[PDB]
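Worksheet: one structure, shown below.
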Amino acid sequence: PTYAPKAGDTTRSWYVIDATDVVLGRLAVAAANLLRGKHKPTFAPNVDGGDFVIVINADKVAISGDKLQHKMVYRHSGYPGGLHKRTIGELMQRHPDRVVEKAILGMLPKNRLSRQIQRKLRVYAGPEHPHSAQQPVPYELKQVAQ
Amino acid sequence: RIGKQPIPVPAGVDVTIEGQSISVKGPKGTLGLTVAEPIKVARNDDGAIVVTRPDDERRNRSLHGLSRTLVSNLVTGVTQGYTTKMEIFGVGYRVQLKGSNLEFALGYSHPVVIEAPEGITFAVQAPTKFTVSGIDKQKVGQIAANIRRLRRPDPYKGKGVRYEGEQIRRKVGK
Amino acid sequence: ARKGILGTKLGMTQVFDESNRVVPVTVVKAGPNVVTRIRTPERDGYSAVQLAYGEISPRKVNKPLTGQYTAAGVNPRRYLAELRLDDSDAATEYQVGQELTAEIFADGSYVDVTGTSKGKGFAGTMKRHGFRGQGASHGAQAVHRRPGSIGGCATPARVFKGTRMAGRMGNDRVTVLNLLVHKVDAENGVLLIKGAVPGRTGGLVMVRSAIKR
Amino acid sequence: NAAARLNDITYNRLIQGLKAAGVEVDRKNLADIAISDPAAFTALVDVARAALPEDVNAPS
Amino acid sequence: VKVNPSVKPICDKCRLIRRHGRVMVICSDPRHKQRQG
RNA sequence: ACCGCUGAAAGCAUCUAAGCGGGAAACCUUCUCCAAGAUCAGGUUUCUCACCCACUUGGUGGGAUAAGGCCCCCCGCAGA
RNA sequence: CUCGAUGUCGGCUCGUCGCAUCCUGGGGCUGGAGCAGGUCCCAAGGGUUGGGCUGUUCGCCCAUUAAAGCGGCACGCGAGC
Ligand SMILES: [Mg+2]
Ligand SMILES: [Mg+2]
Ligand SMILES: [Mg+2]
Ligand SMILES: [Mg+2]
Ligand SMILES: [Mg+2]
Ligand SMILES: [Mg+2]
Ligand SMILES: [Mg+2]
Ligand SMILES: [Mg+2]
Ligand SMILES: [Mg+2]
Ligand SMILES: [Mg+2]
Ligand SMILES: [Mg+2]
Ligand SMILES: [Mg+2]
Ligand SMILES: [Mg+2]
Ligand SMILES: [Mg+2]
Ligand SMILES: [Mg+2]
Ligand SMILES: [Mg+2]
Ligand SMILES: [Mg+2]
Ligand SMILES: [Mg+2]
Ligand SMILES: [Mg+2]
Ligand SMILES: [Mg+2]
Ligand SMILES: [Mg+2]
Ligand SMILES: [Zn+2]
C-alpha cells in the first residue's frame, strides 16, 4: 500500500515570485511546478496539491529584442477570416499579466484538474500585490548543483 | 584607428563621468550621452576624453570607433556649433521667416511652413539662401533632411532645395 | 462637451424653410429631465451622468427603485439612462437635481439620435438580408423565396459561423447619425429634427450632439 | 526526486550513491520513508553523498 | 531598384554592401540599385 | 516597399551593427452594434434586513412570511 | 479508397478563401519635358455593369465603366431549384 493522500492532508502556502530580470521560460516553469506540487514528496497526479503563486513585476520580464517584434499570439473567433494576431511587444504594453499567465498555462497538463490548479495563480504588473493579508514568502530561482 | 586617438578639449568645464554616463556644458547648452556597456571612457593627463575597450572582438571594435566620434560631437557641438547651409534654386521659388518658422513657395498651391523644433534656429541670408543651426549634429541634419525632400528630385530643370556645393544629376529632357 | 437629452418621438410632419424648400421633420419631445446621479471616475471608474424622464404615478414604482430617487431628492420618473461623457472633467456643469430642457441645442446644430427600431417579427431571408430568391417561373419548384445553398461540400463539412439566415428582426438599438436640427421650440419643449428617427410613435429617444459634425 | 531535492541533491546522483555504498533498498520503500520518516531519509542522502566520487564529471 | 536573386556590380563604382539581412548594390548612377529578393 | 539623419568594424565610404526619423485604402485605436455562462461569472447604489416546528442537534429537514416577481385577467405597431 | 450506388457539364441562389493585383492607395528605375505610359517592388480593405450569338464553359461582338482580375473549395453548392 503506497501513500495516496486523503482529503484534508494537502497543506497549502503562499509564494511570491519577482520577475525583474527573469526570462519567461525560467519563470513559467518554476511557477508550473510550484502550483502543481512537484516539489513536495507527497505528490500524486490526481490531487490538487501545491501552493499559491503571486507573480509581481510582470511588465519587466526578460524577453529578447527579436521576440517583442516577431513572436505572435493568435486567437480565432470562429467566424471565417477571424484569425487575429498580436505581437508580444504590443501585449507587453496593454496586458503584461496575460503574457506571463499564458506561458504558465501551456505548461500545465491538458486535463480537468489543471483548471482547478490555475485558480491558485495571481499575476500582476506593478510591484504591489493586494494579498498582504496573507504572508507570502519570496521564492528565488534555485538550481540544484550536480 | 579611430578611437585610438584622444579627444582635444578646448574648454570643457564639466566633462564628467557618473556610472557609464557623460555630460558637457560650455558656451552653449548642455548635451548628454550614454556610451555602450563594454566601452569604457576615461581621462588622459590633460583631463581630456580617452576611451578604452577589451580587445579584438567583432562587436567591441565596432562600438569603440562609434563611441569616439559620438563623444567628440558633444565637445565640438558645444564649442563650435554646427550649421548646415542650404540653397533654393528654380525661378519663382523663395523662402521667408514667419517668425520662428520658415515658409517656402515651391510651386505648390499652399505655402509650406516648417515648424522649428527646440534647439534649432533658422536664419535666411537671401531669398534663395538660408541656414539651419544648432548644437546637436544629428538633430540639425535631421531638420535639413526634411527640407531637402520638400519637392520631388527634378533632374530636368534643377528646381528644388539643395545643399550648397553638391551637384545633383541632370538629364537632357526633350 | 457632448450634450444629451431623453425624449419621446411624436411623429413626422413637413415644414418650409427660408429658401422655400420642403423639409421632412420628425417631432421629438425633448422633455424636461433631471440628473439623479453622477458617475465620477474615482468612485465608479468612468464619467457619465444619469438622466431621468417621464411622468409616472408614485405607486407604480417599487421600493428598491424609489429609494434611488430619495437619495437624490427627485420625484420618481419612468425612464432612466446614462449619457456617456469623455474621460476627463466630469461634472463641472452637471449637478444633482439640475433641470435640463430642450434648448441646450441650437438651431442648425447636428444631433445623433438613438432609439429602438420597430419590430418585424420572424423575417425570412429576402426581407432580413435582401436575397434574391429563385425565379417565378421556368420550372422553379417550390423555391421562390428560399435561400439556396448555405455551404460548400465535403470540404468544409460545416456551415460557417455567421451565415445569413432567417430569424427575428427589429427591436435593435439603432443610432442615426448627423441629423439637422431645424427648430427648437422652447415654449413647447419640442425639437424639429430633419429626417427619420427610429422607433414607434411614442418610444424612448436619446438625442445627443454629433461627434462627426 | 521531490525528496532528494529538499536535501540539495538530484535523483541522478542519489541512485548512484546508494549503489556505491551497498544500500539495496528498492524504490517503493525508499519513497515510503520520504513521506513517513523524513529524518531517516536525510541519513540516506548523507550516506549516498559521501559515498559519491569526488569529481563526478571526471572519468573513472 | 532591381529585385533579382543574383546581384553583382555593373560598373567600377558600384559598392556591394549588406543591410537589414539582404545583399544590395548601391551606386551613384541610380539605374544600378539592385537587391536580392 | 521606399526615402533618410547620425555612424563604426574598414583613418575613406556605407539608412546599421549601438541609437533615431519619415512612410499606404493593409494592421491597431477612433465611429455603429452585441457582450460578465468574461466559471477571474465584475462595478457603483437602493430595498427587505425577519420568524416558527420537529429530529439522529446537523453548512439538517420542513412550515410560514418581508422586499420582490410569476400565474390568471384587459390588451399592444411586442409576438410561431 | 468507393460497384450490398461517392448522382456527372452549364445556369440560378448563397457564399467563403489565396494573392500570381483588373480598379483605387504607396514607391524605385525609365530611351520619365508635360499629359499619358513601359517595367519592377509593396499592398487583399472595398469594388469588379447591362445586353446580341451559342446547351454551353470558352470566345467573338454592342453600349458603357474608375475597373469590367485570375484561381481553390467533390472543375464549391441537384436530402436548395
Ligand atoms: Mg498526454
Ligand atoms: Mg408585426
Ligand atoms: Mg424575383
Ligand atoms: Mg413538389
Ligand atoms: Mg411554385
Ligand atoms: Mg526597414
Ligand atoms: Mg495614417
Ligand atoms: Mg451596452
Ligand atoms: Mg469566450
Ligand atoms: Mg453581476
Ligand atoms: Mg451502404
Ligand atoms: Mg511606376
Ligand atoms: Mg505581392
Ligand atoms: Mg476580393
Ligand atoms: Mg481597417
Ligand atoms: Mg431577339
Ligand atoms: Mg470564386
Ligand atoms: Mg461541381
Ligand atoms: Mg467554379
Ligand atoms: Mg448543377
Ligand atoms: Mg448535395
Ligand atoms: Zn553603378
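Every chain is numbered from 1, with letters handed out A, B, ... down the list of sequences.
Counted within 6.0 Å of NZ on A:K120, heavy atoms from surrounding residues, nucleotides or ligands total more than 12; the atom is thus considered enclosed. Within 6.0 Å of the CZ atom in A:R12, the count of heavy atoms belonging to other residues, nucleotides or ligands exceeds 12. Annotation: A:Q116, atom CD; neighbour count of heavy atoms from other residues, nucleotides and ligands within 6.0 Å is above 12. Within a 6.0 Å radius of NE2 in A:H131, more than 12 heavy atoms belonging to other residues, nucleotides or ligands are found. Counted within 6.0 Å of CG on A:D21, heavy atoms from surrounding residues, nucleotides or ligands total 12 or fewer; the atom is thus considered open.
Shown are D:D8, D:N57, D:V56, D:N12; of these, the side-chain contact (heavy atoms from CB on, under 4.5 Å) with A:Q146 is made only by D:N12.
Interface remark: D:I9 contributes backbone atoms only to the contact with chain A (heavy atom separation under 4.5 Å).
Here the closest non-hydrogen pair linking A:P41 and D:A3 is CB-CB, 4.0 Å.
Here the CG atom belonging to D:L6 is positioned 11.0 Å from the NZ atom belonging to A:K40, to the nearest 0.5 angstrom. Between atom NZ of residue A:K38 and atom CZ of residue D:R5 there is a gap of 10.0 Å, rounded to the nearest 0.5 Å.
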